[PDB]
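Asks: Got a structure here, written out as C-alpha cells. Questions coming.
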There are 2 protein chains.
Amino acid sequence: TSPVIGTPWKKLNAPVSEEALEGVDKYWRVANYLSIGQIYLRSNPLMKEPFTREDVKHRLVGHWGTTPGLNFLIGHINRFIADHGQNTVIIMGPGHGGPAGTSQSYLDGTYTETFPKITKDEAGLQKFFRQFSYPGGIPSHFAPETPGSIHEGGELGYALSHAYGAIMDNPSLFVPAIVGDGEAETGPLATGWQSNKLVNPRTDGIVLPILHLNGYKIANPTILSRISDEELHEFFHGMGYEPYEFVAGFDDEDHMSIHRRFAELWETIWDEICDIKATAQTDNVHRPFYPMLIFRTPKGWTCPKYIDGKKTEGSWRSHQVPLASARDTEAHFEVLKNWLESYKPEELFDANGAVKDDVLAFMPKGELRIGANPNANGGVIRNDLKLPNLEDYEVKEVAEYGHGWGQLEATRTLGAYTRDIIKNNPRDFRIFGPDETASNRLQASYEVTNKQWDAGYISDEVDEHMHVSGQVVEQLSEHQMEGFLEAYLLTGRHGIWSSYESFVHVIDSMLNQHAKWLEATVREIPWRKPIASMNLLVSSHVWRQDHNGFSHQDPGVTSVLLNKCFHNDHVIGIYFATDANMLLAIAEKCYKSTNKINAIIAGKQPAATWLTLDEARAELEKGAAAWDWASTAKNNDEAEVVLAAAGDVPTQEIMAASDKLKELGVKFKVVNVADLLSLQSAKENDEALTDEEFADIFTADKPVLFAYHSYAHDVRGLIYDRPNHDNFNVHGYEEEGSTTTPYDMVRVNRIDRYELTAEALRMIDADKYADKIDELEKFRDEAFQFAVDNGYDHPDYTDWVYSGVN
Amino acid sequence: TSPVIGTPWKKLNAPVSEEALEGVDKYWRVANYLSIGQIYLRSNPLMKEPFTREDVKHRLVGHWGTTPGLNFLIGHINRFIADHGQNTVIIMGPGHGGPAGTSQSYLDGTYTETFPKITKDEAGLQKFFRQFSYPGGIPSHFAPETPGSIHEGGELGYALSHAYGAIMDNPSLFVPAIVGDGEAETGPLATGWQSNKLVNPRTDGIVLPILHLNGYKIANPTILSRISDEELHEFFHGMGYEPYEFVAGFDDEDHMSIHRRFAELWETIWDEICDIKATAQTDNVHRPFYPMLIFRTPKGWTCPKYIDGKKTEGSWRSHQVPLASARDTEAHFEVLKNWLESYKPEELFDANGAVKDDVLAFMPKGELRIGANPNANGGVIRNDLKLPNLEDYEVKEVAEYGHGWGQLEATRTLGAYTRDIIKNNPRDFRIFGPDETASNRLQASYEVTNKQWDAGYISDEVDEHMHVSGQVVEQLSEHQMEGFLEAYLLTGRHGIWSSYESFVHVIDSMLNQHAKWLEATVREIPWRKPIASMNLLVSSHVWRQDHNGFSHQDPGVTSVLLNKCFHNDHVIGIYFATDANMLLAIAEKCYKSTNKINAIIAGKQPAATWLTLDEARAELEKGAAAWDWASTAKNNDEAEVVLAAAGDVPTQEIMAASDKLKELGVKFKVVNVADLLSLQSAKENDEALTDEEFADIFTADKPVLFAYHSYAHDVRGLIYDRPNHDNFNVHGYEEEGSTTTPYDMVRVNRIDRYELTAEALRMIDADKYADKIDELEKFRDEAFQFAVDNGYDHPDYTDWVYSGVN
Ligand SMILES: Cc1ncc(C[n+]2csc(CCOP(=O)(O)OP(=O)(O)O)c2C)c(N)n1
Ligand SMILES: Cc1ncc(C[n+]2csc(CCOP(=O)(O)OP(=O)(O)O)c2C)c(N)n1
Ligand SMILES: [Ca+2]
Ligand SMILES: [Ca+2]
C-alpha cells in the first residue's frame, strides 16, 4: 500500500519567515534563468565574456509562456514542503512547461543524482542547457525522463483525473494539481472537477487544484479568464470547491510583496486543508468544500513587455518563445541578453557555476523532495499482489462433461476471482467502471467492498452497495475511469477497469499516452521502476450488441493497440478470452504483469466452456494452440482445412462449423488464438510464435479459415510475412448489424456457423460440395426468416451443443 | 444558408389554454402507451380479448427509464411549437429513449408518411410495436432512421456540442437540448456547457439545455442529483446560464396540475428567450445569461412503484425494463397488463385503432413538426458551395522551374482557397479548430472574417481577429470542434476543421459515431438527403513533430478510419497531400463531396512542390499514379525496383533516394499514392484500382519499396490480396522519435533517404552494392552525429533539391 511519508496535514502556527521568502524569490529567479538557458543557449551558460549570438541554439524549441508561473508555484510549494514535512506530488497540467520541471529537479539535486554527467557546476550547466529539446538530449515536456513527473501533460485534460487517482487510498498524500486555463476548456478536464464527489478525506489524500489562469492558450484568450469573476467563483463553488484567488504581476508591485502575499494565502489554504483532514478523523460522512486556487498572473510573466511593438508579457505571444530568433539579429540578441540579465545571475551562481547555498537553503531534503518522492516513482512502492489460488475458480465441468459444456457467463468467474484479490489486497487494488461494473458482471466484489460515493445518500431502497469509502469507483466518464486508474498504478497500486467494447474508443488517446509513457520507460528510463499493468476488461462486445444495435458495434480497440507494438517493448497485451478458464489464465497473467496495457476481451453472455484451466494455461503460454481433441485430422498432411478462431463468439461458430464438417466426413484441424500478438512477425516480436511453431499450428500449405473477433484487417496486417499467409481467409466484423438476434449478428458479418461451414467446403472443393454449399446458404436465409417470424433464433442455432459434450 | 421557418421568438401573451393542456396530457398517456407497446408487445396492440402472454415479445429490448420523462417534455414542446410557430429541433441526449422519438414521429404523422406500411390503425399499430428493436425492424435508439433525429445519442456526451453547432448561423432555430444527468458526467458534455460563450444571440439561434435530472444512470445515482440544490444552481449560473428548476412526480399531485405548472414555467422561460432575442436586435455585444431547465422527475415515471418488493419508479431499476420478463410468469404478465391499462388506452384509440383526434389536435402541422423540420433532414437545405476557380491558387512554379521546386508550406495554399470559399459562401461555411487555426496556417481566413468570441474583450493588443460573430470558432476541445461541425453539416451547411494529427485520436469515437450515422444513411435511409462532408485537415503530423517530441507522435488516425470502409459505402476519404497542388485538388474534391468523412493529411512545414495542378488532378482521380518524369525505368520490365510513397515527408525521402539511385545508374520506377483507399481490394471497393491498373502501376513482380506516412500495418493489411503484394516492403512510423531534428525523425523510423536508398539496393542485389550499402549506413550515423554536434541537420540533408529543378 502507500507509504505514510513525512508529518502530514500539519499547520505552521507561525508566519512564513522572511528568510524563506528570500529563498523563494531567488528560486524563482534562478529557475527562470535556467528555464531560459535550456530554451535559448547551447553554450556559455553564465554569459562569460564574450557572450555572443554563437551561444544561441540554432533552433528554438520549447515553451516560455506557462513556465515563469510554474516556477513561481514550484518555488512556493518547495518552501511549503520543507516547512511542513508534507508528502507532496505535483501534477504539472501544462506539461509543455518542461523547463520548470527539469529546473526543479536540477535545483533540488535529484537531476545530478539521476543523471551523473549533468553536474552542479559550469560545465554541467552547459550540458543542462544544451540537452533540452535537442538532438540526443531530453524532451520538451515534463516527460517520464524527469525526476518528479507522473504526468507528461502533452495531451491536455487529464491533470485532475490523475491528481485524484494519485490520492486514492493515499491518506498522507497532498497533490497540488496545476491546471492550464486552456486545458480547463477540454472535455476530460471539465468533468475532472467533479472527482471530489468520489474521494473521501479520511481514507484518501487531498488534491488542491490550481487554475493557472494566465489568460491565454496558444493564440486565443481563455474562456475562464474572460468571464466575470463572479461567474468564475460561482462555477467552482458549484463543483464543491471553496475558491481562493491570487492576482499578481499586472502592476508594479515589487516581487517581495508578491511572495509575502502568496505565502500568506498559501498558508490560509493549507490551514483549511488541515482542518478538513482533522475533521475527517471524526466525521467523514459529510463532504467538505475543498479549497482551490485561482492563480491569475500574466502569461510569460517577467519576459520583456514588448518585443517589436507587440505585447508579449500577458499575451498568447509569449506561449512558445517570446523572442523568436535571438541568433539572427543583433537587436534580438540584445533583448535576449537583457532578459537573461534581469534575473541577475551574478547573485545566483558562484564562481564555479554552482547555484549558491542561500538560493536553495529553504528547499526540502530527502524523500520529501519533488523528484525523490516515491509516489512520483511508484514502481518503488509497488509489491506483487497476494493472489488467490486460481484452481478455486476453475470451471471444473469441462473435465466432468466434456469440452463445450455449459452456459456460463465467463466474466462472472473473473468477478469472483477479483473479489478475492480485493479481499486479500486491501487498499491496494481498485475497480473502476463507467457505471458498468454490475452490467459487465463484476459485482461479486460488492460482497467484500463498496462503491465509493461521497455525494448525497437518500435511501436504502436505491443506495445499495455504496459507502463513503470503498474499492470500486464509478462515474459515467471513460476519461475519469482510465485516468483514475492510470494514476493509481503510477503511484504503486493495482487494479482493473471494465468497459463496453465500443466505448473504449472514447479513451484511445489516453491509452496512447499511457503507452508512450511505458514505451519511453522500458526503452530508456531504468531508474523508473516497473508499475503494475493497466488492465482493461473489454466486455459486452460487438457480437452480443444486437440489443443496442449498429452504432454500438465497434470492436476497433484492437487496431489501436496494435500500433503500440514495436521494438520489443512488450507494453501491450491483447487477449481473447475463449471461455471462463481462459479468462482466469489471462487475468492471472495480467495481474502479475508490470509495465503493460492489457486488453482482455471477454464475453459476458452465456457461452460454452471449451478448455480446462490446465489446457488454458498451455494455450496462453504460446499464445495460440491446436485443439487436437477437436481436430479430425491427425497430423498436418491429412488436414484439408484449418479452422482457427480468436474470441468466444468466433470460437462458438467455428466449433459449430467443425461439427457440421465432421458430419460430412471432412478432415480438418481446429486452432484457437488466445493472444493476438503471438501471430506478429517473429522478427518484429521475440515473444511471438517462431515461424516453425507457426507452421506447425497453422500448416505449411493448407487453407486456413480464420474467424476473428474484430476487423479482419488486424489479422491480415499482422501475418503479412508468416508462412502460408496467402492461404488465410480471415472473417471478422465487417460493419454490419442492427438491433437483432445473436444469430443475425454473426450471419450479416459472414461468420455464422453455416457460412463458415460453406466457406470451408469452397476452400476444400467448391465443386464436389456444391449441393451441400447451396443447402447451407439456403438455411442461412431460413434461420433469418425464423427469427423475423417468431422473435428468437432458430432451434438449430440456439440448442446446439458440441458433440464432445457427454 | 439556413431557412427562416415560422414566426420565431414570439411571446404568447396569454396563459396556456386548458384545452391544449388536455391535449398534452393525452399525448403523454398515448406516447407512454406506445413506448411500452414497442418494448413489450409483438401482437395485439390494443389488448383485445384475449390479451395473453403470447402477445409479449420473447426478448425485451429497450429502455423505459428515460422514456416517460422524454414523452412529457416532447408533449409540452409540441404544444409550444403549435402555439408559437417556432422553428424547433430537439436534441435527444438520452438517445436510448428511442421509443419516445418513434412515438413522436408516429403521433405527428411523419412516421406513416415516411414508412407507408406503418399505418395509423390497428394493423399498423401492431407492425409499429413488433418492429421496435426486433430482427428486421428498427433500432433501439433515436437512430437516423427516425424522422426528427439528428443525433442518435448512443454514445453519450455530444448533445450540447450538437445543439450549439445546429444553431450557428441559424438565427431562427430553437434547440431544446435534453441532457441525461448521467450524460452530464461525461467529459464531452461537461465542456459543452461553455459553448454559450461561443455563440451570438443575434447571428445564431438559441439552445435551451434541459437537464433530465431523473436521479439515476444505469445502476448508480447521478452526481448532479445528489449534490445540493444550491451547488447545482451555482454551477449553472457559473457557466453563464440562468437555471430554472421543475420538480414533479415525487408526490400525489394530479397530472393536470403538473402540466399547468410546467406550461407556466415553460412560457416564463420562453418569455426570457424572446427578451434575449429582442435585445440582441440592438445589443449583441453583451452576453446574456441563457435560461436552462433542470427537470427533476422520477426515473421511469408512471411505471409501477414496486415490482417484487424493489423500488422501480424513481430508481436505476427502471433503466432498461422495469419488468424483466412479462412472458414467463402469470404474476409479471398481470403487472404489465395493469401498467398498460393505467394509461387507459380505451380513451386514446378509437374502434379502428387510430389515435383519436382530440389526442393530437394541439400538435404542430407541416414543416413545423419535429419529424418534418428541414433542419432535422439537413440535406434538403444544403446547396453546393460556390467554389472559387482552383487555378487561381495553383503553385505555378512547378511548371516554370521543375518538379521539386520551392519551400512552400502547403497548408497556406489551402488557407487562401478556404478564405475565398468563406467570402463567397457567407453564413454557409465555417472553420473550427482547437486553438490551432493559425498554427496549422489557415489564418488567411481572418482577412475576410473573424473568430467568433462572446466572452469578454479587454484590449486590441491581444484581441486581434476576434468579433462577437464570425465564421471561425476556436475552443481548446476536439470534442467541441468535431461536435459543432457535425451539427453544422447535419443542418445543411459546410465547413472544415483542422487538428494536429496526434490529437485527432481524442475524437476517434466521435468520428466512429458520425461514420455509423453515414453508413446507415447511405445503406438504407434514402429519404435522408446527403449532407456535406466532414472535412478534417490533419496537419502538424508525425514527421515534423520533432519539436514536441515522442508523445505527440501518433499518426494512427488512418488505422481508425480504415475500419469504416466496407460494403461500398464510400463514407471515408483518406488523402495524403503530396504538395500544395495536390492539396488543392484534394480540397476541391472534399468540398464538393457529400456524406463523407474526409481526412486530409497535409504538412505545414516548408517542403517541395512536386506536381502541377493538372497532374495532381490526374493522380487524384485514380488515387495512385506513376511519376514517369521521375522514373528512369521506361516500362515495367526494365524497372529493378519501384519506389512508392504516400505523404509529403515520405515523398521527399523517396525522391531524394531516387536521385542517389539514379547517380548509381539504377533503373527504377517512382509511384505516388494520394488516396489510400485506392489500394483496397478491388473486390471490396469498386472505386479502388482494378487489379490490372494496380499491376501496371506497381508491377507484376518487381520489389516495391513503399515509404508510408503512418503505420506500415495499414498498408500491409490493405494490399493483402493485391498482385505482387509479397514484394512490397512498407516503411512507416514505427514508434520511434524524440524531440530532435527532422532528419533524425526519419532516420530512427527507417524512412530517411539514405536508409531507403540502401533498402532499394538490398532488394535489387545486396551483394554487388555491398560497398555502397555500408557507405550509406555509415553516413546515417554521421549525419546524426552532425546534428548532435552542431544543432541542425547535415547540409547534404537540408540543402538537397531534386535534380529535376532548373
Ligand atoms: C488535447 C490537446 N489539444 C491541443 C493541444 C495543443 N496545445 C498545447 S499548449 C496548448 C495551450 C495550452 O493552454 P493552457 O492550458 O492555457 O497552457 P499554458 O498557458 O499554461 O501554457 C495547446 C492548445 C494539446 N496540448 N492538447
Ligand atoms: C460514453 C458512454 N458510456 C457508457 C454508456 C452506457 N450508458 C447508456 S445509458 C447510460 C446511462 C445514461 O444516463 P442518463 O444520462 O442518466 O440517462 P437516462 O437516465 O435518462 O436514461 C449509460 C451509462 C453510454 N451510452 N455512453
Ligand atoms: Ca493558459
Ligand atoms: Ca438519468
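Chain identifiers are assigned as A, B, and so on, following the order in which chains appear in the C-alpha cells; residues are numbered from 1 within each chain, and ligands are numbered from 1 in order of appearance.
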I'd like the neighbourhood of stretch 566-578 of chain B as a count of residues only, where a residue qualifies if any of its atoms comes within 6 Å (using only C-alpha atoms), though same-chain residues fewer than 3 positions away should be ignored.

Replies: 15

Asks: Could you give me the residues within 6 Å of ligand 1, counting only C-alpha atoms and all ligand atoms, as an NGL selection string?

Replies: (:A and (65-66 or 94 or 154-156 or 180-183 or 216-218 or 319)) or (:B and (435 or 476 or 503))

Asks: Rank nothing, just name the residue among B:92, B:399, B:41, B:520 nearest to ligand 2, using only C-alpha atoms and all ligand atoms.

Replies: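 Going through B:92, B:399, B:41, B:520 one by one, the smallest distance to ligand 2 is for B:92.
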
Asks: Considering only C-alpha atoms, state which residue in the set A:462, A:354, A:646, A:442 is at the smallest distance from chain B.

Replies: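 So, comparing all the options, the nearest one is A:462.
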
Asks: So that I can see what lies close to residue B:278, please list as a VMD selection string the residues with an atom at most 10 Å from it, counting only C-alpha atoms and leaving out residues fewer than 6 positions away in the same chain.

Replies: chain B and resid 9 to 10 201 to 202 272 284

Asks: Could you give me the residues within 12 Å of ligand 3, counting only C-alpha atoms and all ligand atoms, as JSON, numbers by chain?

Replies: {"A": [63, 64, 65, 66, 67, 68, 69, 70, 93, 94, 95, 96, 97, 156, 178, 179, 180, 181, 182, 183, 184, 185, 210, 211, 212, 213, 214, 215, 216, 217, 218, 219, 220, 221, 222, 223, 224, 225, 226, 295, 296, 297, 298, 299, 300, 301, 314, 315, 316, 317, 318, 319, 320], "B": [435, 476]}

Asks: Rank A:517, A:241, A:497, A:610 by their smallest atom-to-atom distance to residue A:395, using only C-alpha atoms, and report the top residue only.

Replies: A:610

Asks: Please provide the set of residues having any atom within 7 Å of residue A:99, restricted to only C-alpha atoms, with same-chain residues fewer than 4 positions apart removed, written as an MDAnalysis selection string.

Replies: chainID A and resid 35 38 67 103

Asks: Output the selection as a CSV table (one decimal), in the first residue's frame - N, CA and C atoms for each residue.

Replies:
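Output file again-v3.csv follows:
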```
chain,number,residue,atom,x,y,z
A,35,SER,N,15.3,28.0,-16.9
A,35,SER,CA,14.4,27.7,-17.9
A,35,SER,C,14.7,28.3,-19.3
A,38,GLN,N,17.9,26.7,-21.0
A,38,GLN,CA,17.5,25.5,-21.6
A,38,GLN,C,16.9,25.7,-23.0
A,67,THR,N,5.8,28.8,-18.2
A,67,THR,CA,7.0,28.5,-17.3
A,67,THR,C,7.2,29.4,-16.1
A,103,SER,N,14.2,22.2,-14.3
A,103,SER,CA,14.9,23.2,-13.5
A,103,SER,C,14.7,22.8,-12.0
```

Asks: List as a VMD selection string the protein and nucleic acid residues near residue B:131, meaning an atom at most 12 Å away when only C-alpha atoms are counted, but skip any in the same chain fewer than 4 places from it.

Replies: (chain A and resid 739 to 740 788 to 789 791) or (chain B and resid 37 to 43 57 61 99 102 115 117 to 118 124 to 127 135 to 140)

Asks: Would you please work out which residue, of B:419, B:141, B:84, B:778, is nearest to ligand 2 when using only C-alpha atoms and all ligand atoms?

Replies: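 With only C-alpha atoms and all ligand atoms as the atom set, the closest residue is B:141.
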
Asks: Have a look at atom CA of residue B:608 and atom CA of residue B:667 and let me know their distance in Å, one decimal.

Replies: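 Atom-to-atom, atom CA of residue B:608 and atom CA of residue B:667 are spaced 23.6 Å apart.
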
Asks: Report the distance between atom CA of residue B:536 and atom CA of residue B:142 in Å, rounded to one decimal place.

Replies: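 Going from atom CA of residue B:536 over to atom CA of residue B:142, I get 26.3 Å.
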
Asks: Give the strand (DSSP E or B) residues of stretch 239-410 of chain B, as DSSP finds them on the backbone, and put them as a ChimeraX atom specification.

Replies: /B:241-247,290-296,306-307,310-311,349,355,405-409

Asks: Write out as a list in words which residues come within 8 Å of residue A:410 when counting only C-alpha atoms, dropping same-chain ones fewer than 6 positions away.

Replies: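 That gives residues 579, 580, 581, 583, 602, 603, 604, 605, 606 and 607 of chain A.
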
Asks: Emit the selected residues as a PDB file, in the first residue's frame, including C-alpha atoms.

Replies:
```pdb
ATOM      1  CA  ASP A 579     -14.144 -19.111 -22.040  1.00  0.00           C
ATOM      2  CA  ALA A 580     -14.085 -18.713 -18.267  1.00  0.00           C
ATOM      3  CA  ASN A 581     -10.999 -20.904 -17.759  1.00  0.00           C
ATOM      4  CA  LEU A 583     -10.227 -15.749 -18.744  1.00  0.00           C
ATOM      5  CA  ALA A 602     -14.236 -11.366 -22.672  1.00  0.00           C
ATOM      6  CA  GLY A 603     -17.854 -12.075 -23.251  1.00  0.00           C
ATOM      7  CA  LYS A 604     -20.431 -11.699 -20.573  1.00  0.00           C
ATOM      8  CA  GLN A 605     -23.214 -13.602 -22.409  1.00  0.00           C
ATOM      9  CA  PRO A 606     -23.949 -17.285 -21.672  1.00  0.00           C
ATOM     10  CA  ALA A 607     -21.494 -19.373 -23.657  1.00  0.00           C
TER      11      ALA A 607
END
```

Asks: Could you pull out the residues in stretch 616-804 of chain B that DSSP calls helix (DSSP H, G or I) from the backbone, as a PyMOL selection string?

Replies: chain B and resi 616-622+648-663+676-679+691-697+712-718+725-727+742-748+753-765+770-790+795-798

Asks: Have a look at atom CA of residue B:402 and atom CA of residue B:801 and let me know their distance in Å, one decimal.

Replies: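 Those two atoms sit 10.5 Å apart.
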
Asks: Using only C-alpha atoms and all ligand atoms, what table do you get, as JSON lines, when you list each residue of chain A with an atom no more than 12 Å from ligand 2, its nearest pair of atoms, and their distance in Å rounded to one decimal, rows by chain then rising number?

Replies:
```
{"residue": "A:433", "atom": "CA", "partner": "ligand 2", "partner_atom_place_in_ligand_line": "4 (C)", "distance": 9.5}
{"residue": "A:434", "atom": "CA", "partner": "ligand 2", "partner_atom_place_in_ligand_line": "4 (C)", "distance": 6.3}
{"residue": "A:435", "atom": "CA", "partner": "ligand 2", "partner_atom_place_in_ligand_line": "23 (C)", "distance": 5.5}
{"residue": "A:436", "atom": "CA", "partner": "ligand 2", "partner_atom_place_in_ligand_line": "23 (C)", "distance": 6.9}
{"residue": "A:437", "atom": "CA", "partner": "ligand 2", "partner_atom_place_in_ligand_line": "23 (C)", "distance": 10.5}
{"residue": "A:438", "atom": "CA", "partner": "ligand 2", "partner_atom_place_in_ligand_line": "23 (C)", "distance": 11.5}
{"residue": "A:439", "atom": "CA", "partner": "ligand 2", "partner_atom_place_in_ligand_line": "6 (C)", "distance": 9.8}
{"residue": "A:440", "atom": "CA", "partner": "ligand 2", "partner_atom_place_in_ligand_line": "6 (C)", "distance": 11.3}
{"residue": "A:474", "atom": "CA", "partner": "ligand 2", "partner_atom_place_in_ligand_line": "23 (C)", "distance": 10.0}
{"residue": "A:475", "atom": "CA", "partner": "ligand 2", "partner_atom_place_in_ligand_line": "23 (C)", "distance": 8.7}
{"residue": "A:476", "atom": "CA", "partner": "ligand 2", "partner_atom_place_in_ligand_line": "23 (C)", "distance": 5.7}
{"residue": "A:477", "atom": "CA", "partner": "ligand 2", "partner_atom_place_in_ligand_line": "3 (N)", "distance": 6.6}
{"residue": "A:478", "atom": "CA", "partner": "ligand 2", "partner_atom_place_in_ligand_line": "3 (N)", "distance": 6.8}
{"residue": "A:479", "atom": "CA", "partner": "ligand 2", "partner_atom_place_in_ligand_line": "1 (C)", "distance": 9.4}
{"residue": "A:480", "atom": "CA", "partner": "ligand 2", "partner_atom_place_in_ligand_line": "1 (C)", "distance": 11.4}
{"residue": "A:481", "atom": "CA", "partner": "ligand 2", "partner_atom_place_in_ligand_line": "3 (N)", "distance": 11.0}
{"residue": "A:498", "atom": "CA", "partner": "ligand 2", "partner_atom_place_in_ligand_line": "4 (C)", "distance": 11.0}
{"residue": "A:499", "atom": "CA", "partner": "ligand 2", "partner_atom_place_in_ligand_line": "4 (C)", "distance": 7.9}
{"residue": "A:500", "atom": "CA", "partner": "ligand 2", "partner_atom_place_in_ligand_line": "4 (C)", "distance": 7.3}
{"residue": "A:501", "atom": "CA", "partner": "ligand 2", "partner_atom_place_in_ligand_line": "4 (C)", "distance": 10.0}
{"residue": "A:502", "atom": "CA", "partner": "ligand 2", "partner_atom_place_in_ligand_line": "2 (C)", "distance": 8.9}
{"residue": "A:503", "atom": "CA", "partner": "ligand 2", "partner_atom_place_in_ligand_line": "1 (C)", "distance": 5.8}
{"residue": "A:504", "atom": "CA", "partner": "ligand 2", "partner_atom_place_in_ligand_line": "1 (C)", "distance": 8.7}
{"residue": "A:505", "atom": "CA", "partner": "ligand 2", "partner_atom_place_in_ligand_line": "1 (C)", "distance": 9.2}
{"residue": "A:506", "atom": "CA", "partner": "ligand 2", "partner_atom_place_in_ligand_line": "1 (C)", "distance": 6.8}
{"residue": "A:507", "atom": "CA", "partner": "ligand 2", "partner_atom_place_in_ligand_line": "1 (C)", "distance": 9.8}
{"residue": "A:540", "atom": "CA", "partner": "ligand 2", "partner_atom_place_in_ligand_line": "6 (C)", "distance": 10.8}
{"residue": "A:548", "atom": "CA", "partner": "ligand 2", "partner_atom_place_in_ligand_line": "8 (C)", "distance": 9.4}
{"residue": "A:551", "atom": "CA", "partner": "ligand 2", "partner_atom_place_in_ligand_line": "25 (N)", "distance": 10.5}
{"residue": "A:552", "atom": "CA", "partner": "ligand 2", "partner_atom_place_in_ligand_line": "25 (N)", "distance": 8.7}
```
